[PDB]
Every structure is written in structure tokens, then in C-alpha cells.
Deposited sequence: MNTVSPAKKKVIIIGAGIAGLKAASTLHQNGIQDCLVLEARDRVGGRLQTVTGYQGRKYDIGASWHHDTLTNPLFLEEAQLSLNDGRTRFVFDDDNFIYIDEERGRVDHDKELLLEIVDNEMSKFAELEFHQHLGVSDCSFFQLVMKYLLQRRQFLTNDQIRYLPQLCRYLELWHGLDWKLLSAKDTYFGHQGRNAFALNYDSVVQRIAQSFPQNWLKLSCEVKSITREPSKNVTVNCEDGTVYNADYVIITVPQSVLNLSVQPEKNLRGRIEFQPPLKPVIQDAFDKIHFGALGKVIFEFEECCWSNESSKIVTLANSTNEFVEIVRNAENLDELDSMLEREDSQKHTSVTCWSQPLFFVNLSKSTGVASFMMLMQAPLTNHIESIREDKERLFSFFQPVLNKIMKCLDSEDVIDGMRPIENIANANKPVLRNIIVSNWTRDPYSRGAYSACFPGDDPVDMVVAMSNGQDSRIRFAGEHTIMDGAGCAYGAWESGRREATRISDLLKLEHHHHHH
């Protein structure tokens, strides 16, 4: 009955569909489990109707990013604003010392650069370790050329990379930690606008929401059969599975009952199954802090508070005689606070004019914070200390809790918090995390190869976890969507 059935209406699924229509292919479907399209691209609304991408927010690698370039064209043609280049000089804040960025004496950014260079040389990749292990090796080998404060603060500064992978430094693969940024980043002014434009480019009656596909079977007759949970069954010539990696991973697990899990028959070939042993998922999370208005310096749109550090750490590094001795010596034995991990804050006031902070968090904090997302009081109590330090470093004062408003003129030039928004990607069965990430010992290529090769001729895969360029990214998934559709598109046309 159907030419192509696309499972998942995230950017990958949406582009594929868009591509099929664009190539004259008819009778296609887009089966999405959620009651909306967009997938991990979701723009939510908060205080005074302000909007925020709770999922993806930036166009990365703007030099080669095809999706971005496409958006660039549109903006060049209609003069409308679709994005803003918000890269900025990073402001680094330590609870005790305050700002430590661009410091004439700490020069942290410079040794951070040597650090990355150090990592590159290390894997040019005899045995992988965690990012934490690599930073410790660097400090030990280079301590002769590092001051005390550099040894203390640099390791905390370099962990901003945790916010790129969504994983604590002790959980992150050192080999995959440092990747090349192909140019500046462009903050999307509505990834929902990207979703809508693509979504509207194909037959609206093609979309089926709330269709949780439960099983996919390759009928030995040149036809694929798809069954959504409710009971509706379909048959198509080609199927493009774009469900996230974490969801697809349920398939290779026993006890088919998990929300989202699809039953493949025959099962996914071994090359696919094994791929999951060297892939894994990350948990980038988001907390939005909405204030009445801006009353703090807009020197930069990029701010990072560093986890607390100690002088005893420096002493231990200075005295350690070798890697092992350093390791155990570091073993020094609770309760997580906003200062237990680095936190990345986007000061939307400078880049968008909106008096709000978009904060990024990583596992294990993410899971914990998203778990208490309904408890605004606790949320404020948890982040209040880093929020106050930031305001102090930005020439302002302590934040006023106005989540339960009480108009008070006393709040002259005081920052007044009106709302807090939290992501929920780790508890959403259809996402179960943020995007593919590497634990030490992983090999991302495996999954790319297997996914791109597909289960077979009719069973294809798309998604941010199915491509090399832009892997884990919106544009990566977008392109993976075009890939599968164009391939199927050429195949149907050749049937002449």
C-alpha cells in the first residue's frame, strides 16, 4: 500500500519525507510516537511567552553545515533573521576566586590549548582512558611548566567539554573528547521554524502522530510490514527507521515490553547488535532561568562556573611520583551541589535580548535535576549559589525568588527570577537521553557503518547516530534523512 514508511518525525524523518515528496514519490507515511513532530528539536514556551529550544539550539560547523547553509540562503533572500552567531569570549567563574578567564597570571585558556594539543599527540590510539585520566596525565607530565593555580584551576576549566558530550569527565572517552569544530556556531532563532518549514514540505496526510511502532517485519515477498501499538498494520516497499539509538538499542534486548522498543523479524543482523557494545548515549540536559529583566553586565553570552577545586589537589600533583601513586593519592573520601560539576550558562540577554539564562548540564547531574523538575522550590535552592556568584561577577546582586510573584518596588536593580524550566530527555521513553556519546573504549565508526549499510535493501536507518559528518548533530540527522530518501528515490525512478 505504501511506497515508503518513515518511522519517527524528528529532523531525520522529516527531511526524508520532504525529500521523497520533492522527488515525485507518492503514497508515503511518517509514523511518530509523540503527539508532535520535531523529536529532540523542541521549542517550548515560558514566562511572558518567551521561547526556548529545550533540545537542540545551535547550528554547529557553520562552514560546512548544509542545513545551516540552506538557512543562510533563505535569510539572504528574505532578509529575515533565522539565527545569530553567538560565539563569545568565555567568562569562567570559580566560587571562591570569582572570574578567572583571560587572566594575565593564570592564562588558563593557553594551557587549555596545550592540553588539547597534548590529547591529539596522545592518540596519533593505544588504549583509551577517561577524559579525567588524560587530564591527570597531562598535569603530571607537565607540572614543571605549570604554576600552582594553573594545576588547580585548569582541570576544572577544561571540563566545559563535559557540556559538549553530556558526560562527566570520569565517564567520557578520552579518545573522542576532542573533536574539530568546523567553524563558528550559530544559535538557531527557532529550530521549530526549521522543523515547521521542513514538516510542511510534504503531504500533511502523510503524518501519523501517537503511532508507537511496535514491530517491523521483512515479508519474504518484497514488502515490509509495520505495526503500530494500537493495532493498525501497514505494508511498504521501503522503510526508514529514525528512532534514536538508545531506543533502537531496546530491540537487541529481551523482554519486548519497553516503551518504544521495536520488534524486528528477522532480528537486526549481528553487525548492528555488536555496534551497540561500542556506542552508548549521553545526557545533555537544560535548565532555563527566566528573570523579570536584565540588570547585569552583558559582556559575554557565554559563562561557565567551575566545580570547586582545592590547594591540596595541587600539593598531591606536585608530590606524586607516578601515575599510579597519583591515582590512589587522589582517592580521598558527599552530596552533590551546584559546585560539584561545571555548568554552562548562555546569557541570552546579549545574544537575543531576552532576560533569561539557558544552562547546560551533564550526566549524572542531568538525570537527578530532571527527576525533580516539578519541584521549583528545590530547583531554585539547588542553583541559587551559582546564580548568585554569576550575578555578583556580572555587577549585580543576589537573585530574588519571584517564582510565586509578589510585586515589590524594592526590587529596583535586583535580579528577579520568575520561572524555571527543565528538560526531561532522560525520562522521556522516546528519547532516553540526549544524543550518542562515547564511554572509554567506544568506537563510533561501528554504528555509522552498520546503520548506513542498513538492515537490508528495504530496511534503512537515519538519525544523528547514522552518519559521520555531523554525527550526534541536527544537521547530521537532517543529512542522514536526505541520504535514505534520495537512495530510495533513485531506486523507485529506475523501476521506470
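Quiz item: For this chain, which runs of the deposited sequence have no C-alpha coordinates, given in order from the N-terminus?
Solution: Those parts of the chain that were deposited but carry no coordinates are 1-7, 132-134, 344-348, 512-516.
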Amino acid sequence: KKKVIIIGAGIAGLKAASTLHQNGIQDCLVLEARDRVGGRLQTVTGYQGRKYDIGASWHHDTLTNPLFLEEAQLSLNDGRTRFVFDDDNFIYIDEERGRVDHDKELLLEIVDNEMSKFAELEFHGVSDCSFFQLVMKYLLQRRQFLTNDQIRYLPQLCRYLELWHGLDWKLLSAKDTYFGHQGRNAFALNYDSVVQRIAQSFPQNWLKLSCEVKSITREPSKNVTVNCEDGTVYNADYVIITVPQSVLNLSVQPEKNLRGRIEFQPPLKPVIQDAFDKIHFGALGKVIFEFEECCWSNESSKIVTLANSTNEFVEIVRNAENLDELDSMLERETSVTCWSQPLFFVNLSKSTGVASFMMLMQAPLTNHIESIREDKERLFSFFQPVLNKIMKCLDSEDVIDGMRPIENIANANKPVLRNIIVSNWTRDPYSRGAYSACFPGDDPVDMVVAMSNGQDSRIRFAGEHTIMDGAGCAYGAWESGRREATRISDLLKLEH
From here on, numbers count along this sequence of modelled residues.
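Under this definition, the rigid core comprises the largest set of C-alpha atoms superposing within 1.5 Å between the forms.
Quiz item: in 8 other deposited structures of this protein, superposed by the rigid core, which stretch departs further from the shown form in CA positions, 253-261 or 267-275?
Solution: Checking 253-261 against 267-275 in 8 other deposited structures of this protein, I find the farther stretch is 253-261.
Quiz item: Once the rigid core is matched, which of the two stretches, 159-167 or 324-332, lies farther off on average in 8 other deposited structures of this protein by C-alpha?
Solution: So, of the two stretches, the farther one in 8 other deposited structures of this protein is 324-332.
Self-check item: Gap at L306 across at least one third of the other PDB entries
Solution: Negative; every one of those entries includes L306.
Quiz item: Hey, does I406 show up as a hole in at least a third of the other compared models?
Solution: Other entries vs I406: at least a third skip it.
Practice problem: Higher average CA B factor in the deposited record is what I'm after, so tell me if that's 211-219 or 154-162. | Solution: Mean CA B-factor is higher for 211-219.
Practice problem: Pick between 370-378 and 257-265: the one whose mean CA B-factor in the entry is higher. | Solution: Stretch with the greater average CA B-factor: 257-265.
Quiz prompt | Residue, from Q273, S130, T305, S423, that the PDB entry assigns the highest Cα B-factor | solution = Of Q273, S130, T305, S423, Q273 has the highest C-alpha B-factor.
Exercise. Among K278, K389, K137, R99, single out the one with the highest C-alpha B factor in the record, please.
Key: Highest C-alpha B-factor among the listed residues goes to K278.
Practice problem: Going by the recorded CA B-factors, say which third of the chain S116 sits in, lowest, middle or highest. | Solution: According to the entry, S116 has a C-alpha B-factor in the chain's lowest third.
Practice problem: Comparing against every modelled residue in the chain, figure out the third that the C-alpha B-factor of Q48 lands in (lowest, middle or highest). | Solution: Middle third of the chain for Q48's C-alpha B-factor.
Exercise. Could you look up the Cα B-factor of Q42 in the entry and say which third of the chain it sits in: lowest, middle or highest?
Key: Middle third, going by the recorded CA B-factors of the chain.
Quiz item: Sorting the chain's CA B-factors, does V247 end up in the lowest, middle or highest third?
Solution: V247: CA B-factor falls in the middle third of its chain.
Exercise. Pull the Cα B-factor of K414 out of the PDB entry and bin it into the chain's lowest, middle or highest third.
Key: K414: CA B-factor falls in the highest third of its chain.
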